[PDB]
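*Asks:* Each protein sequence line maps, in turn, to chains R, Z and A.
The numbering of the first sequence is this note's numbering, which starts it at 1 and goes up by one.
The numbering of the second sequence is this note's numbering, which starts it at 1 and goes up by one.
The numbering of the third sequence is this note's numbering, which starts it at 1 and goes up by one.
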Amino acid sequence: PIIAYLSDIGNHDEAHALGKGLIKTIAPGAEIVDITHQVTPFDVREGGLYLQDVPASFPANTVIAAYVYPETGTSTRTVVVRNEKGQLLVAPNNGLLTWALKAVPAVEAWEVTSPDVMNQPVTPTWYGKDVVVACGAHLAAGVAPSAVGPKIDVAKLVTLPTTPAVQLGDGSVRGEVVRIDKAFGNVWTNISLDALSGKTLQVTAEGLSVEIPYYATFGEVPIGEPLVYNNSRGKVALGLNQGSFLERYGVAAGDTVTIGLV
Amino acid sequence: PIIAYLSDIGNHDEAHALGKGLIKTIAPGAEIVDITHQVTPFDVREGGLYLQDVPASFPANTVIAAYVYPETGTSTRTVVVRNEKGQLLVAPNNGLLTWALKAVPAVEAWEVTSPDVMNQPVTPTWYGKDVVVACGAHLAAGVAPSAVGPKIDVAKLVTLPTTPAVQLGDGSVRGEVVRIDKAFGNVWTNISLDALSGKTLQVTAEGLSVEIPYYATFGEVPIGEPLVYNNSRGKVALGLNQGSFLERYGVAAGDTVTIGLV
Amino acid sequence: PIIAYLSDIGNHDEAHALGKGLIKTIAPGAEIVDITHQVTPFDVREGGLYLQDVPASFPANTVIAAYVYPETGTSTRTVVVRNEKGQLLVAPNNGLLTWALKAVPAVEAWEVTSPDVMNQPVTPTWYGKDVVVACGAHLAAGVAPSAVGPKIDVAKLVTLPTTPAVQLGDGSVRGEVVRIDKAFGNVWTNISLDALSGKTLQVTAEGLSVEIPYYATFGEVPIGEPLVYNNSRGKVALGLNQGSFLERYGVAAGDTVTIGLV
Ligand SMILES: Nc1ncnc2c1ncn2[C@@H]1O[C@H](CCl)[C@@H](O)[C@H]1O
Ligand SMILES: Nc1ncnc2c1ncn2[C@@H]1O[C@H](CCl)[C@@H](O)[C@H]1O
Ligand SMILES: Nc1ncnc2c1ncn2[C@@H]1O[C@H](CCl)[C@@H](O)[C@H]1O
Ligand code: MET
Ligand code: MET
Ligand code: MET
Numbered sequence: 001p002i003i004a005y006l007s008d009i010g011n012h013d014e015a016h017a018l019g020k021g022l023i024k025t026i027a028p029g030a031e032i033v034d035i036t037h038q039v040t041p042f043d044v045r046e047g048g049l050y051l052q053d054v055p056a057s058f059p060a061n062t063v064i065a066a067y068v069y070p071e072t073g074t075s076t077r078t079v080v081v082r083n084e085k086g087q088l089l090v091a092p093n094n095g096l097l098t099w100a101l102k103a104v105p106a107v108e109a110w111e112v113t114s115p116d117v118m119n120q121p122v123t124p125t126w127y128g129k130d131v132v133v134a135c136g137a138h139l140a141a142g143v144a145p146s147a148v149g150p151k152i153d154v155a156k157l158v159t160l161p162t163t164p165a166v167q168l169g170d171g172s173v174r175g176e177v178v179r180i181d182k183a184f185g186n187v188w189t190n191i192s193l194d195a196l197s198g199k200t201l202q203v204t205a206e207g208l209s210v211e212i213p214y215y216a217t218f219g220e221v222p223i224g225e226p227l228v229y230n231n232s233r234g235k236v237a238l239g240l241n242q243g244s245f246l247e248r249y250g251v252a253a254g255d256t257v258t259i260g261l262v
Numbered sequence: 001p002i003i004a005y006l007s008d009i010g011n012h013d014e015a016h017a018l019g020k021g022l023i024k025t026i027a028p029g030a031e032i033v034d035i036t037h038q039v040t041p042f043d044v045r046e047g048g049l050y051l052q053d054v055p056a057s058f059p060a061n062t063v064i065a066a067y068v069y070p071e072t073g074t075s076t077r078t079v080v081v082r083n084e085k086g087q088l089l090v091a092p093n094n095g096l097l098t099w100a101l102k103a104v105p106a107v108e109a110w111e112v113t114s115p116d117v118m119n120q121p122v123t124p125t126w127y128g129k130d131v132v133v134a135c136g137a138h139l140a141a142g143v144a145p146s147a148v149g150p151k152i153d154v155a156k157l158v159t160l161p162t163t164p165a166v167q168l169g170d171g172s173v174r175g176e177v178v179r180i181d182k183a184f185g186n187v188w189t190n191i192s193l194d195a196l197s198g199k200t201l202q203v204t205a206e207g208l209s210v211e212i213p214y215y216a217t218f219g220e221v222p223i224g225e226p227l228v229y230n231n232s233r234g235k236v237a238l239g240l241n242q243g244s245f246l247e248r249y250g251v252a253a254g255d256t257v258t259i260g261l262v
Numbered sequence: 001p002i003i004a005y006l007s008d009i010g011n012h013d014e015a016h017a018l019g020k021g022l023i024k025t026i027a028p029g030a031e032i033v034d035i036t037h038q039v040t041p042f043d044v045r046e047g048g049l050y051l052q053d054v055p056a057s058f059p060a061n062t063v064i065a066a067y068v069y070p071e072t073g074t075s076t077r078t079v080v081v082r083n084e085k086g087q088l089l090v091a092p093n094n095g096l097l098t099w100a101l102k103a104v105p106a107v108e109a110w111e112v113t114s115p116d117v118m119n120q121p122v123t124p125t126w127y128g129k130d131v132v133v134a135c136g137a138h139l140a141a142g143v144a145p146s147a148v149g150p151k152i153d154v155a156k157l158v159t160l161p162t163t164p165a166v167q168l169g170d171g172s173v174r175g176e177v178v179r180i181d182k183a184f185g186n187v188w189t190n191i192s193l194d195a196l197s198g199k200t201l202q203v204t205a206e207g208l209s210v211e212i213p214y215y216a217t218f219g220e221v222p223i224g225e226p227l228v229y230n231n232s233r234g235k236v237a238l239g240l241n242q243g244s245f246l247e248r249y250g251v252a253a254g255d256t257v258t259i260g261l262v
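#1: Around the C-beta of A155/R, are 16 or more other C-beta atoms found within 10 angstroms, so that it is buried, or is it exposed?
#2: What is the rounded straight-line gap between the Cα of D43/A and the Cα of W188/A?
#3: May I ask whether a heavy atom of ligand 2 can be found less than 7 Å away from the beta carbon of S75/Z?
#4: Would you say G136/R reaches chain Z, if we count a Cβ-Cβ gap shorter than 8 Å as a contact?
#5: Determine the closest residue to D8/A out of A137/A, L51/A and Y229/A, with distance taken between C-alpha atoms.
#6: Which class does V262/R belong to by DSSP, given the choice of helix, strand or coil?
#7: Could you tell me which of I2/Z, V251/Z, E108/Z and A15/Z sits nearest to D130/Z, measuring between CA atoms?
#8: Report the rounded CA-to-CA distance for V33/Z versus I32/R, giving the unit in angstroms.
#9: For ligand 1, any of its heavy atoms closer than 7 Å to the Cβ of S192/Z?
#10: What alpha helix (DSSP H) runs, 4 residues minimum, are completely inside the segment 88 to 136 of chain R?
#11: According to DSSP, what are the bridge partners of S146/Z?
#12: Nearest to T162/Z by alpha carbon, out of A4/Z, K102/Z, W110/Z and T78/Z?
#13: Taking 7 Å as the cut-off, is the CB of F42/R close to at least one heavy atom of ligand 5?
#14: Name the chain A residues whose beta carbon is nearer than 7 Å to that of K20/Z?
#15: On the three-pair Cβ rule with 8 Å, is the segment 95 to 115 of chain Z touching the segment 75 to 85 of chain Z?
#16: 8 Å is my cut-off, CB to CB: does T98/A come that close to chain Z?
#17: Candidates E46/R, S57/R and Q87/R: which alpha carbon is nearest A65/R's?
#18: Could you tell me whether any Cβ in chain Z is nearer than 8 Å to the Cβ of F42/A?
#19: Is it the case that the CB of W99/A approaches a heavy atom of ligand 6 more closely than 7 Å?
#20: Run through chain R and tell me which residues come within less than 9 Å of residue 286/Z, C-beta to C-beta.
#21: Whose C-beta lies closer than 6 Å to the C-beta of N61/A among residues of the same chain, with five residues either side of it excluded?
#22: Below 8 Å, can you find three or more Cβ-Cβ pairs linking the segment 233 to 252 of chain Z to the segment 143 to 158 of chain Z?
#23: Looking at the C-beta of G219/R, does it have a partner C-beta in chain A at a distance below 8 Å?
#24: At a threshold of 7 Å, does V68/Z count as lining ligand 2 (C-beta to nearest heavy atom)?
#25: Return the chain-ordered list of same chain residues with a C-beta closer than 7 Å to the C-beta of residue 275/R, the five sequence neighbours on each side being excluded.
#26: When the Cα atoms are used, what is the spatial distance from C135/R to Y229/Z?
#27: Going by the C-beta, is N186/A closer than 7 Å to any heavy atom of ligand 7?
#28: Classify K199/Z as buried or exposed, calling it buried when 16 or more other Cβ atoms lie within 10 Å of its own Cβ.
#29: Does at least one heavy atom of ligand 1 sit under 7 Å from the Cβ of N93/R?
#30: Going by alpha carbons, who is nearest to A27/A out of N190/R, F58/R and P222/R?
#31: Assuming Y69/R is part of the beta strand (DSSP E), what are its boundary residues?
#32: Quick one: complete beta strand (DSSP E) runs, 3+ long, within the segment 164 to 194 of chain A?
#33: Cβ of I9/Z less than 8 Å from any chain A Cβ?
#34: Quick one: is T40/Z buried, meaning 16 or more other Cβ sit within 10 Å of its Cβ, or exposed?
#35: For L168/Z, which residues in the same chain have their Cβ closer than 7 Å to its Cβ, ignoring the five residues on either side in sequence?
#36: DSSP state of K85/Z, grouped into three classes?
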């Protein structure tokens, strides 16, 4: 069994590793694979976006244990979700799993109430470790999901709002910068390729209007010059060959962007 | 067997991983779990604080291999310590293990002198890899601790000084900021809750004097507002709900802080 | 089997971990050991330098899967190399493996052409995951190297240029700062000790000329003062005891440096 592990606690001190110690105590045979622990502090949306493509990439016998949990020690509970692939996801019921479940939908869910899957005495400021990680490790060790607490309708899993890309009427699409690919400065939108229907495109945002060609990969434009492309996760992206589209055009996550032909 | 691994060498290049290569060469069956490699360069105190809670969180069959070793290649030796839980700790004898052993005390110790647990030819500027990690991997592979070198009285393990919290006489406690919880800006003191005996508290430091209520977790105060709480490791902490108490009040590690009722 | 994994994609989000998911899907029994994912974006030279000492440190049954692949989705292919130790290396054929193969030379090589070792449909902007990592995992799972595609003469592996240290005639050596040891600010040159033949040395670069003694380790000079030493990888290095030689003298990677006796 594999536990895929994400938090916003950072990798710069022992905290994230104390969770790993707990995993090994409960499930010594579980293989721990970090997703990241560098989610922006308290940023449930950034964390959930990071989780979107994890289900498709990991084996079906994976437990995804993930928390960005500024609600720790409150009425906000942790949930377990079995998705269509056979994976189990454990997380605060705060919208963290919105995109992972869009990608690979939930078939059953449960609320985590049983102390026998918790690390007691649970500390109020770290439910991330003592409820989420603890329960993920019990699932990895073979505890049945239904033994964590009551079933709950898939419909009661909290979701955060997602802005659809909208076709405007002439052929251009008004959408949104979903995230920055921060290592490189590439800009990832929510605009699907099949929504625009070796052509060129007009791209519009508050800062500017530029004409940019479409290519399959960075190297099909000269160093420093821009391209629109289809990114690894199926959506329209903006970049510069071996440069930072973020720094040059100052785009930001959440900025409305409008894209259309010629 | 689990090797829990900490250094100040960073995770930004291959150096920390070359230790992992050495572990796998000596003990292919050992599971490597990083603690962190981002300890501040040369900061034995920060490293040792990071190690304090590792013994309680990890299984008893764990070897804690840890170095912040600006004394590498000198007369400062490496030691092996068996603690009350059955874990083995390997580290420079430079105070790095002060807090881990406060938390879970040493029952026996040894000086590392036998070359058969060293990666020879030992390089003078990296005893961290060639003595500490190498010996940790031999311990993980089954080498007996007594085979590393001479026994030494627990009393000769080097410790760094620790400032006790002092009750002043009226009911307030003069203490010290032990560390900053850097991902979030929470401030961790050495003041125990049972030392202050839903109340409010006066907190005093050089920068300021403010009145702050006590709660069990961040979410019991509105976003942006301060709380005193009991942190996950048993000590009094200062934070802001989804904010940085460090940045707002400018507190620092090592600052004397005084806290008392109403 | 061990997969040693390097990229320039960063560890701050899920991308590097999606490769790990793919590894576990193809080779669940493979142990994944990160080298680093913090190579500077697009910096093939920095990545290859990081890989130089990996072959010697890792077991012979290691697959080194490494990519800094700004050529992804282009005619630049991925290669498999068996080196003298029995390890397999998988990487873009773009010079990334120059130094790893200097250190432990290639005995056979192959071009990766067979789709049966690729993660199809390969995405054009991430050959790093879908060709390099995918093929590394198949090798770890037992696929034979010759089954990846056509053999190629070791001579056709792309290399990047390396500047030799040159003895100038009087006894001083003109060389080059190969890399900065970034955690600490130590300066690593390409000058061999046996090329200079408890003495003192004159060190010359554009910024300055200073006299610096030679010692085996940092602690043999007082805190804050400079030393020339032999670093862990066999070359002449410049540092300050518990300080940053980079910040004090402003040296940089690629700066010509000249060193000689008295
Ligand atoms: N000052 C603070 N205010 C609100 N939430 C905080 C916090 N410090 C840590 N957490 C939150 O504690 C969780 C562990 Cl359960 C992390 O996920 C973090 O999001
Ligand atoms: N310029 C320098 N001065 C003093 N100590 C140094 C150093 N560079 C690395 N180390 C020290 O070398 C150790 C590996 Cl044995 C690290 O733990 C580091 O603390
Ligand atoms: N805007 C960009 N321009 C050129 N190359 C880029 C890029 N963004 C990512 N990569 C390159 O994509 C690889 C994955 Cl195959 C990484 O190794 C990276 O070097
Ligand atoms: C930017 S890293 C290269 C691959 C990335 N997944 C993309 O499609 O933009
Ligand atoms: C600040 S991260 C949340 C948990 C942490 N251990 C604390 O008690 O402050
Ligand atoms: C600078 S980290 C200490 C060891 C390093 N490998 C060196 O020789 O400079």
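In this text, a Cβ means the ideal position worked out from N, Cα and C, and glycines have one as well.
*Replies:* Concretely, from the data shown:
#1: For the purposes of this step, residue 155/R is taken as the residue at position 155 of the first sequence. So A155/R ends up on the exposed side.
#2: Reading the third sequence from its first residue, position 43 is the one you call residue 43/A. Reading the third sequence from its first residue, position 188 is the one you call residue 188/A. Taking the straight line from one Cα to the other gives about 18 Å.
#3: As a position in the second sequence, residue 75/Z is number 75, starting the count at 1. Outside the cutoff, so no.
#4: In the first sequence, residue 136/R corresponds to position 136, counting from 1. Output row for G136/R: interface = no.
#5: Position 8 of the third sequence, counted from the start, is the residue given in the question as residue 8/A. When only C-alpha atoms are compared, the closest one is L51/A.
#6: One-based indexing of the first sequence puts residue 262/R at position 262. In the structure shown, the three-state DSSP call for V262/R is coil.
#7: To locate residue 130/Z, count along the second sequence from 1; it is residue 130. Out of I2/Z, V251/Z, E108/Z and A15/Z, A15/Z has the C-alpha closest to the C-alpha of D130/Z.
#8: Position 33 of the second sequence, counting from 1, holds the residue named residue 33/Z. Position 32 of the first sequence, counting from 1, holds the residue named residue 32/R. Spanning the two alpha carbons is a distance of roughly 9 Å.
#9: As a first step, residue 192/Z must be located in the second sequence, where it is residue number 192. Ligand 1 never approaches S192/Z closely enough for any of its heavy atoms to be under 7 Å from the residue's Cβ.
#10: DSSP runs (the alpha helix (DSSP H)) wholly in the segment 88 to 136 of chain R: 98 to 103.
#11: Reading the second sequence from its first residue, position 146 is the one you call residue 146/Z. According to DSSP, which records beta bridges pairwise, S146/Z is partnered with nothing at all.
#12: Within the second sequence, residue 162/Z is the residue found at index 162, counting from 1. Minimum Cα distance to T162/Z is reached at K102/Z.
#13: Counting from 1 along the first sequence, the entry for residue 42/R is found at position 42. Answer for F42/R: no, Cβ out of range of ligand 5.
#14: What you label residue 20/Z is simply residue 20 of the second sequence in a count that begins at 1. Within 7 Å Cβ-Cβ: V33.
#15: Between the segment 95 to 115 of chain Z and the segment 75 to 85 of chain Z, the count of Cβ pairs shorter than 8 Å is three or higher; the stretches touch.
#16: The residue given as residue 98/A occupies position 98 in the third sequence. So, not an interface residue.
#17: The count along the first sequence starts at 1 and reaches residue 65/R at position 65. Residue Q87/R is the option with its Cα nearest to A65/R.
#18: For the purposes of this step, residue 42/A is taken as residue 42 along the third sequence, with counting starting at 1. No, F42/A does not count as interfacial toward chain Z.
#19: What you label residue 99/A is simply residue 99 of the third sequence in a count that begins at 1. Outside the cutoff, so no.
#20: In the structure as shown, chain Z begins at 1 and stops at 262. Residue 286/Z is therefore absent and cannot be evaluated.
#21: As a working mapping, residue 61/A is identified with position 61 in the third sequence. If we look at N61/A and ignore the five residues flanking it on each side, its Cβ neighbours are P1.
#22: No, they do not touch.
#23: Here residue 219/R is taken as the residue at index 219 of the first sequence, counted from 1. The beta carbon of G219/R falls within 8 Å of a beta carbon belonging to chain A, placing the residue at that interface.
#24: Numbered from 1 along the second sequence, position 68 holds the residue referred to as residue 68/Z. At least one heavy atom of ligand 2 is nearer than 7 Å to the Cβ of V68/Z, so yes.
#25: The question about residue 275/R has no answer, for chain R in this structure spans 1 to 262.
#26: Locating residue 135/R in the first sequence gives position 135, counting from the first residue. Locating residue 229/Z in the second sequence gives position 229, counting from the first residue. Near 25 Å, if we compare the C-alpha coordinates of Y229/Z and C135/R.
#27: Within the structure as shown, ligand 7 is missing, the only ligands being ligand 1, ligand 2, ligand 3, ligand 4, ligand 5 and ligand 6.
#28: The residue labelled residue 199/Z in the question sits at position 199 within the second sequence. Counting Cβ neighbours within 10 Å, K199/Z comes out exposed, since fewer than 16 surround it.
#29: Here residue 93/R refers to the residue found at position 93 when the first sequence is read from its first residue. No, Cβ of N93/R sits at least 7 Å from all heavy atoms of ligand 1.
#30: Stepping through the third sequence from its first residue, residue 27/A is reached at position 27. In terms of Cα proximity to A27/A, the closest of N190/R, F58/R and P222/R is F58/R.
#31: Numbered from its first residue, the first sequence carries residue 69/R at position 69. For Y69/R, there is no enclosing beta strand (DSSP E), as DSSP marks it with neither H nor E.
#32: The qualifying runs are 173 to 181 and 186 to 192.
#33: Locating residue 9/Z in the second sequence gives position 9, where the first residue counts as 1. For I9/Z, the closest Cβ of chain A is nearer than 8 Å.
#34: As a working note, residue 40/Z is residue 40 in the second sequence. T40/Z should be labelled exposed.
#35: Here residue 168/Z refers to the residue found at position 168 when the second sequence is read from its first residue. Cβ within range, chain order: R174.
#36: By one-based count along the second sequence, residue 85/Z stands at place 85. Three-state result, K85/Z: coil.
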